[PDB]
Amino acid sequence: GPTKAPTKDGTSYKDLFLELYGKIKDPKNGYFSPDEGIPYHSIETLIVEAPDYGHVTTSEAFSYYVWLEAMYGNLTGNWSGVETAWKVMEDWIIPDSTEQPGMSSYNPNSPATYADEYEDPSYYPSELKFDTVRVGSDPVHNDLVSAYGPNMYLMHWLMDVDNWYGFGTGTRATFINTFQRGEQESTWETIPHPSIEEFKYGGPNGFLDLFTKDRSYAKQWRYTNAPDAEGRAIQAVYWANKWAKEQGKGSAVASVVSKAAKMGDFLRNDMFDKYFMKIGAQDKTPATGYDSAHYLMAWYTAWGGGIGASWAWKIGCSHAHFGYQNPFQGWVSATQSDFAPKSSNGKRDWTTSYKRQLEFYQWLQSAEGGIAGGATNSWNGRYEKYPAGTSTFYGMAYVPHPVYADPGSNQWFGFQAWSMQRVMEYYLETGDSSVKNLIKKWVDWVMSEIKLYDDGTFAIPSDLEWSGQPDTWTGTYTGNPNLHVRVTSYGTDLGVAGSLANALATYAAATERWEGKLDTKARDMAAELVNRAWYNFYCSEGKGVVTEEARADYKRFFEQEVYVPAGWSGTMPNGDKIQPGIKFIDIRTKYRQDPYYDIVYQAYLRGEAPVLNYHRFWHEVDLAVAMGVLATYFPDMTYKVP
């Protein structure tokens with residue numbers, strides 16, 4: 001686990017960044033796949049949270065991988081890394097033309113077939129309703145096609161890098177998906193499956209009839225993006241370009257810029273109701289123009305088609321989480337020459353969207369300062385009438401935990417750091433006055449919640465608890481005196497510490513540029529978080545930083561029943577049998593041969609929470625980038641033991 005860093009006092013943050021970078025990129029350390037150089041979620045294979053296995057990759061991991069290289073080009077002058085990272089991204093996790101057969105046959109007038117969402121995975125499969133539900137129209141597909149062609153340029157969120165689930169050939173990286181069955185389907189309650197459904201595994205209809213009840217089942221493909229990843233990657237590229245140009249080396253990142261610009265254009269897909277219903281209907285009323293645009297980054301965009309015969313479909317998402325907005329990337333694509341969308345309406349839509357996202361944060365701000373969860377255009381995933389007294393935002397209903405309830409999607413403090421960091425960069429780069437109260441109130445809240453100890457350790461919020469509702473949005477902040485946040489636990493999460501530090505350093509830089517004076521406390525607090533994360537969680541064997549964490553939830557490895565429809569039967573590529581009564585581990589049998597299996601099994605037997613050490617890719621990167629932000633805006637500042 002963690003030991004104390006030997007680092008000499010006086011070591012520049014730039015040098016700390018370079019040491020960490022060097023460790024993250026060392027092949028002997030194993031943060032990236034040896035064959036293709038894809039970033040794993042973590043060095044360790046046994047880990048369960050959003051992804052349920054360590055050597056999957058995510059679009060998130062990739063966005064962080066770009067960010068890491070943008071910072072490295074900044075501090076060093078070597079830009080090849082940004083090109084590498086984007087190349088890896090487009091080879092593997094962006095579905096190319098070959099992997100989207102029949103997208104050409106997509107129809108903006110019939111985007112998809114409606115299907116309900118349910119409060120429990122026991123209601124699935126959900127029945128497609130070709131019959132009695134008219135969907136709305138897709139007002140964006142036409143100009144995207146006109147500029148880019150038929151294909152989609154987004155990241156599929158989840159890839160099985162070394163085919164550990166076995167769905168693909170030999171050791172080849174394979175698109176997989178998991179969450180498919182509503183708000184109560186945790187990481188423990190899913191059935192992983194191939195995105196490219198060839199029926200080769202699963203049951204008679206591969207996995208299709210687990211999730212969607214159709215009239216007939218055809219071999220198909222399906223992808224799902226997580227927009228916050230694309231947002232982060234583009235955000236990163238804005239900085240690579242700024243820092244590259246400052247050095248006279250902008251040509252080294254120009255082609256990545258163009259791609260980032262394209263990616264930003266496709267993110268307009270995330271701006272729409274799941275089934276293009278009107279925003280604010282509280283009913284299944286289809287939409288014609290941008291009446292279905294909420295103009296936020298919704299939880300996902302999903303699209304797919306047939307493998308056999310050519311047909312195609314697309315969905316947005318009706319649910320919006322504040323943690324997924326990126327008003328910074330929004331602002332980049334709306335205003336910055338180099339990131340100008342090729343589409344004819346992209347710039348306009350973005351201009352609407354980035355502003356709309358900034359209002360979203362303000363609406364969601366609790367009386368204390370933390371940002372509440374978000375909103376939906378579809379109550380209970382079935383466009384039901386909003387309950388009485390439901391406060392709204394442009395017609396959408398306030399929801400405390402958008403998308404997932406196990407755990408509540410706004411319990412994690414991490415979204416505060418992650419999403420408000422983006423606002424800081426936005427304020428830094430625009431000096432936009434309308435954002436100042438939001439930012440200051442959030443900073444005050446966070447400053448009151450960071451605990452520093454005289455022994456050089458730290459603690460930060462981990463779990464958050466929400467009550468009440470914001471006042472209905474009028475275009476102006478009320479103070480929401482009845483929307484409350486409480487911190488219910490604290491910890492030492494390294495990635496969040498880094499990101500929080502980043503946010504405070506960025507903010508402090510912004511006070512220096514736009515205000516009467518530098519915010520000295522924010523700057524020093526950012527340095528405190530970086531010093532204490534590095535000092536206390538240093539990896540003695542050279543892998544960067546390392547966590548030590550109690551995982552009570554890992555009992556669910558063994559206790560959690562995964563729902564399988566009664567009478568449904570199928571097999572995982574390894575023989576594991578999918579049938580009613582299965583536990584998480586039952587369809588994930590190869591886990592028993594994982595180096596850390598015994599430790600979590602024997603911990604289960606004794607009725608105790610196992611204690612794990614993790615080197616997650618993003619934890620190391622958020623920390624390293626925080627160091628780079630200090631090096632960038634406060635170049636005289638210098639590490640010391642805390």
# chains A, B, ... in the order shown; residues from 1 in each chain; ligands from 1

call {"tool": "residues_around", "arguments": {"residues": "residue 243 (chain A)", "least_positions_apart": "6", "cutoff": "12 Å", "atoms": "only C-alpha atoms", "output": "PDB file with C-alpha atoms, in the first residue's frame"}}
result
ATOM      1  CA  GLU A  69      -0.362  14.251 -22.821  1.00  0.00           C
ATOM      2  CA  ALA A  70      -1.647  17.801 -23.351  1.00  0.00           C
ATOM      3  CA  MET A  71      -0.083  18.694 -19.959  1.00  0.00           C
ATOM      4  CA  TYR A  72       3.138  16.848 -20.882  1.00  0.00           C
ATOM      5  CA  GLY A  73       3.449  18.812 -24.148  1.00  0.00           C
ATOM      6  CA  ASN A  74       2.899  22.035 -22.150  1.00  0.00           C
ATOM      7  CA  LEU A  75       5.636  21.432 -19.559  1.00  0.00           C
ATOM      8  CA  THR A  76       8.092  19.814 -21.960  1.00  0.00           C
ATOM      9  CA  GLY A  77       7.659  20.828 -25.613  1.00  0.00           C
ATOM     10  CA  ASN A  78       7.198  17.164 -26.801  1.00  0.00           C
ATOM     11  CA  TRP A  79       3.839  16.921 -28.540  1.00  0.00           C
ATOM     12  CA  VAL A  82      -1.081  13.937 -27.956  1.00  0.00           C
ATOM     13  CA  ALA A 236      -7.873  18.723 -23.093  1.00  0.00           C
ATOM     14  CA  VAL A 237      -7.286  19.488 -26.751  1.00  0.00           C
ATOM     15  CA  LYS A 249       4.395  24.032 -32.356  1.00  0.00           C
ATOM     16  CA  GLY A 250       0.678  24.146 -33.174  1.00  0.00           C
ATOM     17  CA  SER A 251       1.127  21.972 -36.294  1.00  0.00           C
ATOM     18  CA  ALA A 252       1.971  19.050 -34.007  1.00  0.00           C
ATOM     19  CA  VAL A 253      -1.647  19.023 -32.722  1.00  0.00           C
ATOM     20  CA  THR A 632       1.446  26.398 -15.124  1.00  0.00           C
TER      21      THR A 632
END

call {"tool": "residues_around", "arguments": {"residues": "residue 152 (chain A)", "least_positions_apart": "5", "cutoff": "9 Å", "atoms": "only C-alpha atoms", "output": "list in words"}}
result
residues 94, 95, 96, 97, 100, 103, 144, 145, 263, 266 and 303 of chain A

call {"tool": "select_by_dssp", "arguments": {"residues": "region 33-251 of chain A", "states": "helix (DSSP H, G or I)", "output": "PyMOL selection string"}}
result
chain A and resi 59-76+80-92+97-99+103-105+121-123+141-148+208-211+227-246+250-251

call {"tool": "closest_residue", "arguments": {"among": "A:9, A:622, A:198, A:131", "to": "residue 417 (chain A)", "atoms": "only C-alpha atoms"}}
result
A:622

call {"tool": "closest_residue", "arguments": {"among": "A:6, A:204, A:327, A:373", "to": "residue 216 (chain A)", "atoms": "only C-alpha atoms"}}
result
A:204

call {"tool": "residues_around", "arguments": {"residues": "region 382-393 of chain A", "least_positions_apart": "4", "cutoff": "7 Å", "atoms": "only C-alpha atoms", "output": "compact mmCIF listing (two decimals) with C-alpha atoms, in the first residue's frame"}}
result
# COMPACT_ATOMS: atom_id res chain seq x y z
CA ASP A 116 -40.51 2.04 -21.41
CA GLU A 117 -37.98 2.21 -18.56
CA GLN A 282 -45.21 15.21 -19.39
CA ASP A 283 -46.70 12.98 -22.09
CA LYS A 284 -45.59 11.11 -25.22
CA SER A 378 -39.32 11.74 -18.66
CA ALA A 397 -38.28 17.86 -13.58
CA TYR A 398 -35.67 18.14 -10.83
CA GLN A 469 -35.68 20.87 -4.17
CA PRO A 470 -34.26 23.95 -5.91
CA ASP A 471 -36.83 26.67 -6.57
CA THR A 472 -38.21 26.39 -10.16
CA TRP A 473 -35.82 28.14 -12.59

call {"tool": "closest_residue", "arguments": {"among": "A:571, A:624, A:134, A:308", "to": "residue 218 (chain A)", "atoms": "only C-alpha atoms"}}
result
A:308

call {"tool": "closest_residue", "arguments": {"among": "A:175, A:339, A:62, A:563", "to": "residue 159 (chain A)", "atoms": "only C-alpha atoms"}}
result
A:175

call {"tool": "closest_residue", "arguments": {"among": "A:206, A:37, A:289, A:316", "to": "residue 301 (chain A)", "atoms": "only C-alpha atoms"}}
result
A:316

call {"tool": "closest_residue", "arguments": {"among": "A:185, A:177, A:138, A:429", "to": "residue 292 (chain A)", "atoms": "only C-alpha atoms"}}
result
A:138

call {"tool": "atom_distance", "arguments": {"atom1": "CA of residue 258 (chain A)", "atom2": "CA of residue 427 (chain A)"}}
result
24.3 Å

call {"tool": "residues_around", "arguments": {"residues": "residue 395 (chain A)", "least_positions_apart": "5", "cutoff": "9 Å", "atoms": "only C-alpha atoms", "output": "number ranges by chain"}}
result
A: 279-282, 376-377

call {"tool": "write_last_selection", "arguments": {"atoms": "N, CA and C atoms", "output": "PDB file, in the first residue's frame"}}
result
ATOM      1  N   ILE A 279     -39.676  18.738 -24.890  1.00  0.00           N
ATOM      2  CA  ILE A 279     -39.221  19.004 -23.533  1.00  0.00           C
ATOM      3  C   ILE A 279     -40.384  19.658 -22.788  1.00  0.00           C
ATOM      4  N   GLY A 280     -40.797  19.065 -21.673  1.00  0.00           N
ATOM      5  CA  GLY A 280     -41.808  19.667 -20.822  1.00  0.00           C
ATOM      6  C   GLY A 280     -43.227  19.174 -21.048  1.00  0.00           C
ATOM      7  N   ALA A 281     -43.382  18.210 -21.957  1.00  0.00           N
ATOM      8  CA  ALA A 281     -44.690  17.639 -22.303  1.00  0.00           C
ATOM      9  C   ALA A 281     -45.381  16.907 -21.139  1.00  0.00           C
ATOM     10  N   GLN A 282     -44.639  16.046 -20.440  1.00  0.00           N
ATOM     11  CA  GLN A 282     -45.205  15.207 -19.386  1.00  0.00           C
ATOM     12  C   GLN A 282     -46.222  14.243 -20.021  1.00  0.00           C
ATOM     13  N   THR A 376     -34.880  15.656 -15.463  1.00  0.00           N
ATOM     14  CA  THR A 376     -35.369  14.724 -16.490  1.00  0.00           C
ATOM     15  C   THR A 376     -36.535  15.281 -17.300  1.00  0.00           C
ATOM     16  N   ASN A 377     -36.611  14.852 -18.557  1.00  0.00           N
ATOM     17  CA  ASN A 377     -37.767  15.144 -19.420  1.00  0.00           C
ATOM     18  C   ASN A 377     -38.765  13.970 -19.462  1.00  0.00           C
TER      19      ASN A 377
END

call {"tool": "atom_distance", "arguments": {"atom1": "CA of residue 202 (chain A)", "atom2": "CA of residue 570 (chain A)"}}
result
4.5 Å

call {"tool": "select_by_dssp", "arguments": {"residues": "region 478-549 of chain A", "states": "strand (DSSP E)", "output": "PyMOL selection string"}}
result
chain A and resi 484-491+549

call {"tool": "write_last_selection", "arguments": {"atoms": "C-alpha atoms", "output": "mmCIF file, in the first residue's frame"}}
result
data_model
loop_
_atom_site.group_PDB
_atom_site.id
_atom_site.type_symbol
_atom_site.label_atom_id
_atom_site.label_comp_id
_atom_site.auth_asym_id
_atom_site.auth_seq_id
_atom_site.Cartn_x
_atom_site.Cartn_y
_atom_site.Cartn_z
ATOM 1 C CA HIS A 484 -29.651 21.049 1.259
ATOM 2 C CA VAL A 485 -26.452 18.981 1.019
ATOM 3 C CA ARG A 486 -24.717 17.250 3.945
ATOM 4 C CA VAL A 487 -21.428 15.376 3.819
ATOM 5 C CA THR A 488 -21.956 11.933 5.384
ATOM 6 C CA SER A 489 -18.472 10.507 5.004
ATOM 7 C CA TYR A 490 -14.946 11.571 4.144
ATOM 8 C CA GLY A 491 -11.938 9.793 2.781
ATOM 9 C CA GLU A 549 -9.568 1.442 0.557
#

call {"tool": "residues_around", "arguments": {"residues": "residue 628 (chain A)", "least_positions_apart": "4", "cutoff": "12 Å", "atoms": "only C-alpha atoms", "output": "number ranges by chain"}}
result
A: 12-21, 67-76, 239, 498-499, 501-502, 505-506, 526-527, 530, 621-624, 632-635, 637-638

call {"tool": "residues_around", "arguments": {"residues": "residue 36 (chain A)", "least_positions_apart": "4", "cutoff": "10 Å", "atoms": "only C-alpha atoms", "output": "ChimeraX atom specification"}}
result
/A:32,88,91-92,161-162,172-173

call {"tool": "write_last_selection", "arguments": {"atoms": "C-alpha atoms", "output": "CSV table (one decimal), in the first residue's frame"}}
result
chain,number,residue,atom,x,y,z
A,32,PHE,CA,-1.6,0.4,-20.6
A,88,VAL,CA,-5.1,4.9,-30.1
A,91,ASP,CA,-8.2,2.9,-33.7
A,92,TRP,CA,-10.0,1.2,-30.8
A,161,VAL,CA,-9.3,-4.8,-24.0
A,162,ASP,CA,-8.0,-8.3,-23.7
A,172,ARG,CA,-8.8,-9.1,-29.3
A,173,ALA,CA,-10.4,-6.0,-27.8
